[PDB]
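Taking it in order: structure first as structure tokens, then the write-up.
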Amino acid sequence: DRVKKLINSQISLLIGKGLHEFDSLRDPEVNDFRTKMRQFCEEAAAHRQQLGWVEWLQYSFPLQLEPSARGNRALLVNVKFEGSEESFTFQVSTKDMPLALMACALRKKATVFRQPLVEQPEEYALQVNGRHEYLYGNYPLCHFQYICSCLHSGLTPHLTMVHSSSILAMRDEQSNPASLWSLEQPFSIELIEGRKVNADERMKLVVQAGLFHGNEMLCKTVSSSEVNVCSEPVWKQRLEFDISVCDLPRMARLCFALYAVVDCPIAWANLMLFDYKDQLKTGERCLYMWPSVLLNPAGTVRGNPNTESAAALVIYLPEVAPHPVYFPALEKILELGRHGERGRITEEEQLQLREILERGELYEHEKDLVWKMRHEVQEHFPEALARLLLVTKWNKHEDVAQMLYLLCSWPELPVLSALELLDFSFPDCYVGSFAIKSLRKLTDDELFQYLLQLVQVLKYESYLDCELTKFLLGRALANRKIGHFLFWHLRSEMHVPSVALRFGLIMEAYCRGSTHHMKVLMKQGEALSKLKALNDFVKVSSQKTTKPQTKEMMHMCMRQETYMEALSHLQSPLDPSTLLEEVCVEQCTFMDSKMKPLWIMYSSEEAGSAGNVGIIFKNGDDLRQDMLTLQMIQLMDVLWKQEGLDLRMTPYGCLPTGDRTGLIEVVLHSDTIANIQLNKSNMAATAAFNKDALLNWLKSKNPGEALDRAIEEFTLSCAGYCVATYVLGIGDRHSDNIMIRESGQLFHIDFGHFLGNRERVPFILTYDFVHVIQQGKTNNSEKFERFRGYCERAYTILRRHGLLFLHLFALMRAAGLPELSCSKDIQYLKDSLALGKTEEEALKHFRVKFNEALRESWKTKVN
Ligand SMILES: COCCS(=O)(=O)Nc1cc(-c2cc3c(c(OC[C@H]4CN(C5COC5)CCO4)c2)COC3)cnc1OC
């Protein structure tokens, strides 16, 4: 009642769109989605409210494990009990399970409190101090990201013994409140007129139209007559396509493009021929067009919401029957496709078929063999499904039904095959559903790794109520970390009108399933809102006065009650495990770059040294490419680690949150190469030669025996970053966008240009880094060639996963990133990974590239 109303207003402020606007559309598809998804999400909320206490830890604090541990040494740990002022430090082994550490902690408590305890270690979980992170399960301590991280930095793990009753009180606190195949006539539409058309009066107006099944044409494109340029052009002409109404596939889309001719692009618009209830569309349609930047089949199938300014093409869909006509039900489809001729071929053609199914464009005769032998593709080459789907004639209902019959008894495919099938090249809904079925086996860790791409896929969907939305919602409601990033990936695109309805509707549905998480995300939004206002202040102030003056005023503004309250005690949007507790106003500042990004520091007494975390708030730039590049660098690190190779990478968080707005994770104890190379006097790193500065800095940060492992960290990370930047074509690399951690770890920042952006980016070897790798010596081939080996190993591991990078980048094309919009961009990846060559041919080629980069480094070594 009063709560229903509050939650509704809270969801509205959270998603950045009033719920009343969904009702105002009076759209039955929108109303059905809201009803269906609200129900689906409320069932997940009820399922969760009754979860066991370990299951509720699996939901809220999913395990953060080392990639090499998915599916021996002395260790010092500090353990306290919940709300106890006293802790206990004790030696454990890296091979010990959390349970042994717990039994240890419980025996200590029994002896200090002089009483034999009722408690068993099974009734407890271990929280990482001041973090929404927990250690539980039968995994050795070294398998946990937190422990493993503490071991490299030499830090002592700090853990809190949390009872099951405490966890069950968290679960209770966070509770939700109380017949077409008959119609043989050619496809046709009436092109009535246009409205609000703005163009050069010297020219004429033409409407190009085409029927598509994804990006493939179903027939040849057709064009209207040339009508004189005016605000309201009138055609009233029938456009006739070469394709029977019975041949129209379920996912057929009618695409329009309006242009001015003497070409000159003005606008475009698409629509689905069948609705969400499978009915073949009849009557008049007003298409509110999107301004063009020749047809756009990949474009959205919903009209431009800016009705007041947008051009509108009025069309008529004919009543080809006196009663409604729905697309045949699956039972009628299987009944038609059931009957086929099983292909029988020679042993010679059997080797030729094997050759092409294991080989990727084909010749016509090669496509006919695949289609002839489709039954054998199902039985002996099921991973060749995508190649089979590409030869299927989508403009012939008899061929489509035969394809669908084989697909409905097709064995589930590996995750890598299923990711390829979500591409827009496979637009059929049954293929789409099959691809989601083979993706249900994804682990939460795999799903997390590919979520950004699966959210981009939502922009290729033709209808709101889809298998991918239910799958993303179900997985979001089952894992709080998936939930968090699903929300932010959707929320960050609400300023984009083509997606605002889809995205707003999914977030509302999500909020229905988690009232508590909605309130938690609102706290995140309240902090971001304040940051925007604070950053606006800084942008204006930085142009009018000195930096000490702007920094002081920034501080006074932060010191206001409203600011101190909104900016404190929130989960980080960059990582929900990270708690941003007390903002340290004195340690906050801003950068000197164009957008004057804010540098916000936090502290947490409960987390200790681990609670000292920073975020960078940046407003003015599109942060989506930075996020993608960094996610690709993190994926590389995961693949390398799975082959036992740790190149000591720094894939720091980067998250868009709003319109040209986002956060970047601060890596503390790091400085740019440019700052270190300044070679300021009265510093511990002051050098005799500028080439010594970076090694002297490493020396002051790592005294005595520590220097040796810092040079190794630098070498390892340098090899990984040399490989990452080359493979991804990261260019415009200089001293101010390369950083170094005190540990020796090198890392890259500011990924605004990738995939060659257009020039093939050569491999880069910088003399200042070769100097450190060589331990400051002129000649140190032992050290240098050990670095080349790290580079080669890293490169050949990525190649073996080349299809994964290709599949994920192809899915990203949906995002609309200016540097990832066609085949030219994916070609850079195919080239840089040398995927068309053998491992020997590719490795030899990488060596030609690495050697060319060494001779280039020698042009600076000569001086
Ligand atoms: C278009 O200009 C690109 C640069 S930007 O700043 O505008 N934006 C940006 C910043 C960062 C990034 C990330 C990290 C760090 C970092 O350091 C920059 C300073 C910070 N300095 C301390 C002294 O007070 C602040 C020390 C010297 O380096 C920067 C450190 O850990 C992670 C990444 N990407 C960016 O954009 C996409």
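Each chain in the structure tokens gets a letter, A, B and so on, in the order shown; residues start at 1 in every chain, and ligands are counted from 1 in the order they appear.
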
Using only C-alpha atoms and all ligand atoms, which residues have at least one atom no more than 7 Å from ligand 1? Output them as a PyMOL selection string. chain A and resi 589+591+593-597+599+618+623+626+652+664-668+670-672+675+737+749-752

I need the chosen residues saved as a compact mmCIF listing (two decimals), in the first residue's frame, with N, CA and C atoms.
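out-v8.txt, written as the output of this step:
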# COMPACT_ATOMS: atom_id res chain seq x y z
N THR A 589 41.65 15.09 -4.11
CA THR A 589 42.14 16.12 -5.02
C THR A 589 41.49 15.90 -6.41
N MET A 591 42.74 15.72 -10.96
CA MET A 591 43.82 15.75 -11.97
C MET A 591 43.73 16.98 -12.84
N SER A 593 44.09 17.11 -16.11
CA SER A 593 43.57 16.83 -17.45
C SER A 593 42.21 17.54 -17.69
N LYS A 594 41.83 17.68 -18.98
CA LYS A 594 40.64 18.36 -19.49
C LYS A 594 39.38 18.26 -18.59
N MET A 595 38.96 17.04 -18.27
CA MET A 595 37.75 16.78 -17.50
C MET A 595 37.93 16.94 -15.99
N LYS A 596 39.14 17.31 -15.54
CA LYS A 596 39.53 17.52 -14.12
C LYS A 596 38.97 16.38 -13.22
N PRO A 597 39.33 15.10 -13.51
CA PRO A 597 38.76 14.00 -12.74
C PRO A 597 39.09 14.08 -11.25
N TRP A 599 39.82 12.57 -7.44
CA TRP A 599 40.61 11.52 -6.81
C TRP A 599 40.04 11.49 -5.38
N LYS A 618 35.27 10.38 -13.14
CA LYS A 618 35.51 11.09 -14.39
C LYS A 618 34.23 11.34 -15.19
N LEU A 623 33.58 6.14 -21.18
CA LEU A 623 34.50 5.21 -20.53
C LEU A 623 34.32 3.71 -20.92
N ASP A 626 37.57 1.91 -22.36
CA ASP A 626 38.52 1.67 -21.27
C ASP A 626 38.11 0.44 -20.52
N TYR A 652 42.95 -2.90 -13.16
CA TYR A 652 42.23 -2.07 -12.19
C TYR A 652 40.80 -1.79 -12.72
N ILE A 664 37.03 4.87 -11.87
CA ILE A 664 38.26 4.14 -12.13
C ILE A 664 38.81 3.78 -10.74
N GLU A 665 39.29 2.55 -10.59
CA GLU A 665 39.89 2.10 -9.33
C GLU A 665 41.28 2.67 -9.20
N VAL A 666 41.57 3.26 -8.02
CA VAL A 666 42.89 3.81 -7.71
C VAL A 666 43.83 2.61 -7.30
N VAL A 667 45.03 2.59 -7.86
CA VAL A 667 46.07 1.65 -7.51
C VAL A 667 47.04 2.50 -6.69
N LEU A 668 47.06 2.27 -5.37
CA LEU A 668 47.90 3.05 -4.45
C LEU A 668 49.33 2.65 -4.58
N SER A 670 51.62 3.93 -6.59
CA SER A 670 51.96 3.94 -7.99
C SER A 670 52.13 5.34 -8.49
N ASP A 671 53.01 5.48 -9.45
CA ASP A 671 53.36 6.76 -10.05
C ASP A 671 53.61 6.53 -11.53
N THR A 672 53.45 7.57 -12.32
CA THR A 672 53.66 7.50 -13.76
C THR A 672 55.15 7.50 -14.02
N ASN A 675 56.48 11.06 -14.07
CA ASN A 675 56.83 11.61 -12.75
C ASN A 675 58.16 11.12 -12.24
N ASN A 737 51.10 7.83 -19.49
CA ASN A 737 49.99 6.87 -19.51
C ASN A 737 50.49 5.45 -19.23
N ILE A 749 47.51 2.85 -18.45
CA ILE A 749 46.25 3.58 -18.20
C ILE A 749 45.80 4.25 -19.52
N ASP A 750 44.57 4.82 -19.55
CA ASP A 750 43.96 5.59 -20.63
C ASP A 750 43.93 4.85 -21.99
N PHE A 751 42.95 3.96 -22.14
CA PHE A 751 42.77 3.13 -23.33
C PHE A 751 41.73 3.67 -24.35
N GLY A 752 41.90 4.92 -24.75
CA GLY A 752 41.00 5.59 -25.69
C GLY A 752 41.14 5.16 -27.14

Name all residues at most 12 Å from residue 715 (chain A) (count only C-alpha atoms; drop same-chain ones fewer than 5 positions away) and give them as a PDB file with N, CA, C and O atoms, in the first residue's frame.
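Wrote out.pdb, looks like this:
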ATOM      1  N   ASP A 646      51.824 -16.314 -14.287  1.00  0.00           N
ATOM      2  CA  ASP A 646      51.403 -15.089 -13.594  1.00  0.00           C
ATOM      3  C   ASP A 646      52.320 -13.914 -14.024  1.00  0.00           C
ATOM      4  O   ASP A 646      53.429 -13.783 -13.497  1.00  0.00           O
ATOM      5  N   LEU A 647      51.849 -13.050 -14.956  1.00  0.00           N
ATOM      6  CA  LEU A 647      52.666 -11.930 -15.429  1.00  0.00           C
ATOM      7  C   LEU A 647      52.453 -10.663 -14.634  1.00  0.00           C
ATOM      8  O   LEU A 647      52.834  -9.577 -15.083  1.00  0.00           O
ATOM      9  N   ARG A 648      51.886 -10.816 -13.424  1.00  0.00           N
ATOM     10  CA  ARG A 648      51.753  -9.777 -12.421  1.00  0.00           C
ATOM     11  C   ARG A 648      51.075  -8.527 -12.968  1.00  0.00           C
ATOM     12  O   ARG A 648      51.601  -7.421 -12.843  1.00  0.00           O
ATOM     13  N   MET A 649      49.890  -8.725 -13.582  1.00  0.00           N
ATOM     14  CA  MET A 649      49.098  -7.673 -14.239  1.00  0.00           C
ATOM     15  C   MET A 649      48.359  -6.791 -13.242  1.00  0.00           C
ATOM     16  O   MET A 649      48.301  -7.133 -12.063  1.00  0.00           O
ATOM     17  N   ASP A 708      65.680  -7.426  -6.171  1.00  0.00           N
ATOM     18  CA  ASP A 708      65.651  -8.607  -7.040  1.00  0.00           C
ATOM     19  C   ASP A 708      64.243  -9.042  -7.460  1.00  0.00           C
ATOM     20  O   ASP A 708      64.025  -9.264  -8.644  1.00  0.00           O
ATOM     21  N   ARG A 709      63.297  -9.144  -6.514  1.00  0.00           N
ATOM     22  CA  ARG A 709      61.919  -9.489  -6.851  1.00  0.00           C
ATOM     23  C   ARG A 709      61.181  -8.316  -7.534  1.00  0.00           C
ATOM     24  O   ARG A 709      60.272  -8.569  -8.340  1.00  0.00           O
ATOM     25  N   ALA A 710      61.612  -7.043  -7.278  1.00  0.00           N
ATOM     26  CA  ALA A 710      60.984  -5.876  -7.916  1.00  0.00           C
ATOM     27  C   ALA A 710      61.342  -5.856  -9.415  1.00  0.00           C
ATOM     28  O   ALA A 710      60.438  -5.752 -10.257  1.00  0.00           O
ATOM     29  N   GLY A 720      53.754  -9.025 -20.129  1.00  0.00           N
ATOM     30  CA  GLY A 720      52.305  -9.076 -20.304  1.00  0.00           C
ATOM     31  C   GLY A 720      51.739  -7.836 -20.970  1.00  0.00           C
ATOM     32  O   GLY A 720      50.845  -7.952 -21.816  1.00  0.00           O
ATOM     33  N   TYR A 721      52.257  -6.640 -20.620  1.00  0.00           N
ATOM     34  CA  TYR A 721      51.746  -5.399 -21.197  1.00  0.00           C
ATOM     35  C   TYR A 721      52.245  -5.195 -22.590  1.00  0.00           C
ATOM     36  O   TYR A 721      51.489  -4.685 -23.413  1.00  0.00           O
ATOM     37  N   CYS A 722      53.447  -5.672 -22.906  1.00  0.00           N
ATOM     38  CA  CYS A 722      53.957  -5.618 -24.289  1.00  0.00           C
ATOM     39  C   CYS A 722      53.073  -6.432 -25.217  1.00  0.00           C
ATOM     40  O   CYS A 722      52.772  -5.998 -26.319  1.00  0.00           O
ATOM     41  N   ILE A 740      53.894   2.579 -12.696  1.00  0.00           N
ATOM     42  CA  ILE A 740      54.666   1.584 -11.994  1.00  0.00           C
ATOM     43  C   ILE A 740      54.273   1.607 -10.546  1.00  0.00           C
ATOM     44  O   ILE A 740      54.134   2.675  -9.959  1.00  0.00           O
ATOM     45  N   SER A 743      56.083  -2.138  -5.850  1.00  0.00           N
ATOM     46  CA  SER A 743      56.388  -3.557  -5.952  1.00  0.00           C
ATOM     47  C   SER A 743      57.216  -3.870  -7.231  1.00  0.00           C
ATOM     48  O   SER A 743      57.733  -4.973  -7.360  1.00  0.00           O
ATOM     49  N   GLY A 744      57.259  -2.936  -8.186  1.00  0.00           N
ATOM     50  CA  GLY A 744      57.983  -3.099  -9.439  1.00  0.00           C
ATOM     51  C   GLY A 744      57.075  -3.285 -10.633  1.00  0.00           C
ATOM     52  O   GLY A 744      57.507  -3.092 -11.771  1.00  0.00           O
ATOM     53  N   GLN A 745      55.806  -3.661 -10.381  1.00  0.00           N
ATOM     54  CA  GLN A 745      54.785  -3.909 -11.392  1.00  0.00           C
ATOM     55  C   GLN A 745      54.474  -2.731 -12.279  1.00  0.00           C
ATOM     56  O   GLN A 745      54.012  -1.694 -11.796  1.00  0.00           O
ATOM     57  N   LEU A 746      54.657  -2.914 -13.590  1.00  0.00           N
ATOM     58  CA  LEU A 746      54.360  -1.896 -14.604  1.00  0.00           C
ATOM     59  C   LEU A 746      52.927  -2.081 -15.093  1.00  0.00           C
ATOM     60  O   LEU A 746      52.458  -3.219 -15.189  1.00  0.00           O
ATOM     61  N   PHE A 747      52.219  -0.977 -15.401  1.00  0.00           N
ATOM     62  CA  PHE A 747      50.857  -1.074 -15.944  1.00  0.00           C
ATOM     63  C   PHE A 747      50.501   0.134 -16.800  1.00  0.00           C
ATOM     64  O   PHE A 747      51.135   1.182 -16.713  1.00  0.00           O
ATOM     65  N   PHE A 769      62.827   0.608 -20.201  1.00  0.00           N
ATOM     66  CA  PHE A 769      62.308  -0.615 -19.596  1.00  0.00           C
ATOM     67  C   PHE A 769      63.302  -1.787 -19.821  1.00  0.00           C
ATOM     68  O   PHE A 769      63.504  -2.594 -18.909  1.00  0.00           O
ATOM     69  N   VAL A 770      63.976  -1.816 -21.009  1.00  0.00           N
ATOM     70  CA  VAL A 770      64.999  -2.819 -21.354  1.00  0.00           C
ATOM     71  C   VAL A 770      66.182  -2.653 -20.394  1.00  0.00           C
ATOM     72  O   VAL A 770      66.703  -3.654 -19.901  1.00  0.00           O
ATOM     73  N   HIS A 771      66.496  -1.393 -20.026  1.00  0.00           N
ATOM     74  CA  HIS A 771      67.535  -1.032 -19.061  1.00  0.00           C
ATOM     75  C   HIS A 771      67.280  -1.651 -17.656  1.00  0.00           C
ATOM     76  O   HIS A 771      68.205  -2.249 -17.096  1.00  0.00           O
ATOM     77  N   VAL A 772      66.034  -1.563 -17.129  1.00  0.00           N
ATOM     78  CA  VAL A 772      65.600  -2.188 -15.856  1.00  0.00           C
ATOM     79  C   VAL A 772      65.646  -3.747 -15.963  1.00  0.00           C
ATOM     80  O   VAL A 772      66.191  -4.415 -15.076  1.00  0.00           O
ATOM     81  N   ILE A 773      65.027  -4.313 -17.017  1.00  0.00           N
ATOM     82  CA  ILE A 773      65.024  -5.751 -17.277  1.00  0.00           C
ATOM     83  C   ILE A 773      66.471  -6.319 -17.198  1.00  0.00           C
ATOM     84  O   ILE A 773      66.685  -7.365 -16.573  1.00  0.00           O
ATOM     85  N   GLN A 774      67.452  -5.569 -17.759  1.00  0.00           N
ATOM     86  CA  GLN A 774      68.874  -5.910 -17.779  1.00  0.00           C
ATOM     87  C   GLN A 774      69.630  -5.575 -16.478  1.00  0.00           C
ATOM     88  O   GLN A 774      70.859  -5.609 -16.477  1.00  0.00           O
ATOM     89  N   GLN A 775      68.902  -5.282 -15.375  1.00  0.00           N
ATOM     90  CA  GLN A 775      69.414  -4.950 -14.038  1.00  0.00           C
ATOM     91  C   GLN A 775      70.406  -3.758 -14.053  1.00  0.00           C
ATOM     92  O   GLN A 775      71.358  -3.701 -13.257  1.00  0.00           O
ATOM     93  N   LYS A 783      69.122 -11.972 -18.943  1.00  0.00           N
ATOM     94  CA  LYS A 783      67.902 -11.332 -18.458  1.00  0.00           C
ATOM     95  C   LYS A 783      66.946 -10.965 -19.587  1.00  0.00           C
ATOM     96  O   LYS A 783      65.762 -11.282 -19.499  1.00  0.00           O
ATOM     97  N   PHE A 784      67.463 -10.348 -20.662  1.00  0.00           N
ATOM     98  CA  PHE A 784      66.665  -9.925 -21.809  1.00  0.00           C
ATOM     99  C   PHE A 784      65.978 -11.087 -22.526  1.00  0.00           C
ATOM    100  O   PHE A 784      64.817 -10.968 -22.900  1.00  0.00           O
ATOM    101  N   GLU A 785      66.694 -12.185 -22.758  1.00  0.00           N
ATOM    102  CA  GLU A 785      66.109 -13.308 -23.479  1.00  0.00           C
ATOM    103  C   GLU A 785      65.102 -14.080 -22.614  1.00  0.00           C
ATOM    104  O   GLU A 785      64.107 -14.595 -23.145  1.00  0.00           O
ATOM    105  N   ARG A 786      65.259 -13.994 -21.270  1.00  0.00           N
ATOM    106  CA  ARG A 786      64.277 -14.549 -20.339  1.00  0.00           C
ATOM    107  C   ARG A 786      62.967 -13.741 -20.460  1.00  0.00           C
ATOM    108  O   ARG A 786      61.879 -14.313 -20.359  1.00  0.00           O
ATOM    109  N   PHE A 787      63.083 -12.446 -20.792  1.00  0.00           N
ATOM    110  CA  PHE A 787      61.944 -11.542 -21.038  1.00  0.00           C
ATOM    111  C   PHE A 787      61.227 -11.883 -22.367  1.00  0.00           C
ATOM    112  O   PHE A 787      60.004 -11.876 -22.420  1.00  0.00           O
ATOM    113  N   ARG A 788      61.994 -12.146 -23.431  1.00  0.00           N
ATOM    114  CA  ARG A 788      61.485 -12.570 -24.746  1.00  0.00           C
ATOM    115  C   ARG A 788      60.678 -13.885 -24.611  1.00  0.00           C
ATOM    116  O   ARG A 788      59.639 -14.019 -25.246  1.00  0.00           O
ATOM    117  N   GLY A 789      61.165 -14.818 -23.792  1.00  0.00           N
ATOM    118  CA  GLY A 789      60.483 -16.073 -23.487  1.00  0.00           C
ATOM    119  C   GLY A 789      59.131 -15.833 -22.846  1.00  0.00           C
ATOM    120  O   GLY A 789      58.138 -16.443 -23.252  1.00  0.00           O
ATOM    121  N   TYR A 790      59.060 -14.895 -21.871  1.00  0.00           N
ATOM    122  CA  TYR A 790      57.804 -14.538 -21.215  1.00  0.00           C
ATOM    123  C   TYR A 790      56.838 -13.984 -22.227  1.00  0.00           C
ATOM    124  O   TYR A 790      55.665 -14.335 -22.198  1.00  0.00           O
ATOM    125  N   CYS A 791      57.338 -13.162 -23.154  1.00  0.00           N
ATOM    126  CA  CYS A 791      56.556 -12.584 -24.242  1.00  0.00           C
ATOM    127  C   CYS A 791      56.007 -13.658 -25.161  1.00  0.00           C
ATOM    128  O   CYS A 791      54.827 -13.616 -25.499  1.00  0.00           O
TER     129      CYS A 791
END

Do you have, as JSON lines, the list of residues of region 528-602 of chain A lying at most 12 Å from region 606-609 of chain A, each with its nearest atom pair and that distance in Å to one decimal, counting only C-alpha atoms and ordered by chain then number?
{"residue": "A:577", "atom": "CA", "partner": "A:607", "partner_atom": "CA", "distance": 11.8}
{"residue": "A:578", "atom": "CA", "partner": "A:607", "partner_atom": "CA", "distance": 10.0}
{"residue": "A:579", "atom": "CA", "partner": "A:607", "partner_atom": "CA", "distance": 8.9}
{"residue": "A:580", "atom": "CA", "partner": "A:607", "partner_atom": "CA", "distance": 10.4}
{"residue": "A:581", "atom": "CA", "partner": "A:606", "partner_atom": "CA", "distance": 9.4}
{"residue": "A:582", "atom": "CA", "partner": "A:606", "partner_atom": "CA", "distance": 11.0}
{"residue": "A:602", "atom": "CA", "partner": "A:609", "partner_atom": "CA", "distance": 10.9}

Given only C-alpha atoms as the counted atoms, nearest of A:155, A:79, A:798, A:239 to residue 610 (chain A): A:155

Long-range neighbours of residue 312 (chain A) as a short mmCIF file (atom, residue, chain, number, x, y, z; two decimals) with N, CA and C atoms, in the first residue's frame, 12 Å cut-off, only C-alpha atoms, 2 positions minimum in chain:
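Wrote selection33.cif, looks like this:
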data_model
loop_
_atom_site.label_atom_id
_atom_site.label_comp_id
_atom_site.auth_asym_id
_atom_site.auth_seq_id
_atom_site.Cartn_x
_atom_site.Cartn_y
_atom_site.Cartn_z
N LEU A 191 3.72 2.34 -49.33
CA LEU A 191 4.53 3.42 -48.77
C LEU A 191 3.60 4.63 -48.89
N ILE A 192 2.90 5.00 -47.80
CA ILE A 192 1.94 6.11 -47.84
C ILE A 192 2.66 7.45 -48.01
N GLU A 193 3.34 7.91 -46.96
CA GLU A 193 3.99 9.22 -46.97
C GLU A 193 5.10 9.33 -45.93
N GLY A 194 5.63 10.55 -45.79
CA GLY A 194 6.63 10.97 -44.83
C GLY A 194 6.21 12.27 -44.20
N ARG A 195 6.74 12.59 -43.00
CA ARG A 195 6.48 13.84 -42.27
C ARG A 195 7.79 14.33 -41.68
N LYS A 196 7.86 15.63 -41.33
CA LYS A 196 9.01 16.27 -40.68
C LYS A 196 10.35 15.92 -41.34
N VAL A 197 10.38 15.97 -42.67
CA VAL A 197 11.58 15.65 -43.44
C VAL A 197 12.37 16.94 -43.71
N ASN A 198 13.61 17.00 -43.23
CA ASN A 198 14.46 18.17 -43.46
C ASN A 198 15.56 17.83 -44.45
N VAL A 207 13.12 6.29 -50.82
CA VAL A 207 13.03 5.37 -49.70
C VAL A 207 13.51 4.00 -50.18
N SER A 231 8.80 18.84 -46.61
CA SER A 231 8.54 18.48 -45.22
C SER A 231 7.65 17.23 -45.09
N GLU A 232 6.64 17.09 -45.97
CA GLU A 232 5.68 15.98 -45.97
C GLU A 232 5.58 15.29 -47.35
N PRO A 233 6.58 14.44 -47.72
CA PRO A 233 6.53 13.76 -49.04
C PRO A 233 5.43 12.71 -49.14
N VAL A 234 4.69 12.69 -50.25
CA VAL A 234 3.58 11.74 -50.48
C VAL A 234 3.92 10.77 -51.62
N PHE A 256 13.94 0.20 -43.57
CA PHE A 256 13.79 1.40 -44.38
C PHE A 256 14.93 2.39 -44.18
N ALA A 257 15.27 3.10 -45.26
CA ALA A 257 16.27 4.16 -45.27
C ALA A 257 15.80 5.26 -46.22
N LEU A 258 15.69 6.49 -45.71
CA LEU A 258 15.26 7.65 -46.50
C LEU A 258 16.47 8.50 -46.86
N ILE A 266 19.68 10.66 -44.66
CA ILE A 266 18.82 11.46 -43.79
C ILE A 266 18.36 10.68 -42.55
N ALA A 267 17.57 9.60 -42.75
CA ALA A 267 17.05 8.78 -41.66
C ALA A 267 16.88 7.29 -42.03
N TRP A 268 16.60 6.42 -41.03
CA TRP A 268 16.40 4.97 -41.17
C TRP A 268 15.41 4.49 -40.10
N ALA A 269 14.75 3.32 -40.34
CA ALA A 269 13.80 2.71 -39.41
C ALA A 269 13.54 1.26 -39.75
N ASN A 270 13.46 0.41 -38.73
CA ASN A 270 13.16 -1.00 -38.92
C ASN A 270 11.99 -1.42 -38.04
N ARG A 285 1.13 1.79 -40.11
CA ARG A 285 2.26 1.94 -39.19
C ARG A 285 2.96 3.28 -39.34
N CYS A 286 3.13 4.02 -38.24
CA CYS A 286 3.90 5.26 -38.30
C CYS A 286 5.28 4.95 -37.74
N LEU A 287 6.30 5.10 -38.57
CA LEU A 287 7.66 4.77 -38.20
C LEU A 287 8.42 6.03 -37.86
N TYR A 288 8.67 6.26 -36.57
CA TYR A 288 9.43 7.42 -36.14
C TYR A 288 10.89 7.08 -36.35
N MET A 289 11.47 7.70 -37.37
CA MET A 289 12.82 7.41 -37.84
C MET A 289 13.93 7.98 -37.00
N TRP A 290 15.08 7.30 -37.11
CA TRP A 290 16.33 7.61 -36.46
C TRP A 290 17.22 8.35 -37.45
N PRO A 291 17.87 9.46 -37.04
CA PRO A 291 18.73 10.19 -37.99
C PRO A 291 19.97 9.39 -38.38
N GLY A 303 10.54 2.45 -32.66
CA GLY A 303 10.59 3.80 -33.19
C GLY A 303 11.32 4.79 -32.31
N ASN A 304 11.78 5.89 -32.93
CA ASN A 304 12.46 6.98 -32.25
C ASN A 304 11.48 7.65 -31.23
N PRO A 305 11.81 7.68 -29.92
CA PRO A 305 10.88 8.27 -28.93
C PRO A 305 10.67 9.78 -29.06
N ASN A 306 11.60 10.48 -29.74
CA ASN A 306 11.53 11.91 -29.98
C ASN A 306 10.57 12.17 -31.15
N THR A 307 9.27 11.90 -30.92
CA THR A 307 8.20 12.06 -31.91
C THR A 307 8.10 13.51 -32.43
N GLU A 308 8.19 14.51 -31.53
CA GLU A 308 8.10 15.94 -31.85
C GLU A 308 9.11 16.45 -32.89
N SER A 309 10.32 15.87 -32.96
CA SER A 309 11.33 16.32 -33.92
C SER A 309 11.64 15.33 -35.06
N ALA A 310 11.55 14.01 -34.80
CA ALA A 310 11.84 12.94 -35.75
C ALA A 310 11.00 12.91 -37.01
N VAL A 314 5.15 6.82 -42.96
CA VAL A 314 3.85 6.16 -42.78
C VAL A 314 3.76 5.06 -43.82
N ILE A 315 3.44 3.84 -43.38
CA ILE A 315 3.33 2.68 -44.27
C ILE A 315 2.05 1.90 -43.98
#

Considering only C-alpha atoms, return as a list in words whatever protein or nucleic-acid residues lie within 12 Å of residue 263 (chain A), sequence-local ones (same chain, fewer than 2 positions apart) excluded.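 Counting only the stated atoms, we get residues 200, 203, 204, 205, 206, 208, 257, 258, 259, 260, 261, 265, 266 and 294 of chain A.
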
Nearest-residue call for residue 742 (chain A), choices A:386, A:718, A:65, A:676, using only C-alpha atoms: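 Of A:386, A:718, A:65, A:676, the one nearest residue 742 (chain A), counting only C-alpha atoms, is A:676.
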
Could you tell me how far CA of residue 25 (chain A) lies from CA of residue 497 (chain A), in Å and to one decimal?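 CA of residue 497 (chain A) lies at a distance of 14.4 Å from CA of residue 25 (chain A).
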
Residues near residue 451 (chain A), cut-off 12 Å, only C-alpha atoms, skip fewer than 6 positions along chain, as an MDAnalysis selection string: chainID A and resid 419 439 442:445 457:458 468:469 471:473 475:476 481:490 628 631 808 811:812

Between CA of residue 365 (chain A) and CA of residue 247 (chain A), what distance in Å does the model show, to one decimal?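 Result for CA of residue 365 (chain A) versus CA of residue 247 (chain A): 23.3 Å, one decimal.
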
Show me, as an MDAnalysis selection string, the residues that have an atom within 10 Å of residue 559 (chain A) when counting only C-alpha atoms, minus same-chain residues fewer than 4 positions from it. chainID A and resid 553:555 563:565 583 585:586

If you run DSSP on this backbone, which residues of region 620-709 of chain A come out as strand (DSSP E), and could you give them as a list in words?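 Result set for region 620-709 of chain A (strand (DSSP E)): residues 654, 655, 656, 657, 658, 661, 662, 663, 664, 665, 670, 671 and 672 of chain A.
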